[PDB]
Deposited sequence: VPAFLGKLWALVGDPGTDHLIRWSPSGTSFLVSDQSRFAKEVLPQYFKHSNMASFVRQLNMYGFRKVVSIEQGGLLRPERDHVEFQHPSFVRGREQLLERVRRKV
């Protein structure tokens, strides 16, 4: 598992960050509650930078997608990024 994805996995699951970034109730997507605060408060802890645009670009390079209503916060998803599915994470690729 690439270091970016190992860090992403850890930071999403970390209870200490859940007020800003956490798994959905079933773990098939993850929620960033406040993008500005996430970039200033969580990203330095895990990546030693605070650049949301770089982070989102990296998610895009790995094929992550956004979850939106059929009809600031953001919800991301990847078929192979699922809480508890440690071996499936190996399928997330650039």
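No C-alpha positions are given for the deposited-sequence stretches 72-80, 104-105.
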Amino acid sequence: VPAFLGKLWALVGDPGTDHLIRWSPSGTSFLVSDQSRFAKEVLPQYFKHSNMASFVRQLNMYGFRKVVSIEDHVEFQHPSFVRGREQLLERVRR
From here on, numbers count along this sequence of modelled residues.
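In this entry, the higher average B-factor at the C-alpha atoms falls on 72-80, of the pair 72-80 and 18-26. Looking at 36-44 and 59-67 together, the entry lists the larger mean B-factor for 36-44, computed on C-alpha atoms. Compared with the other modelled residues of the chain, the Cα B-factor recorded for residue 92 ranks in the middle third.
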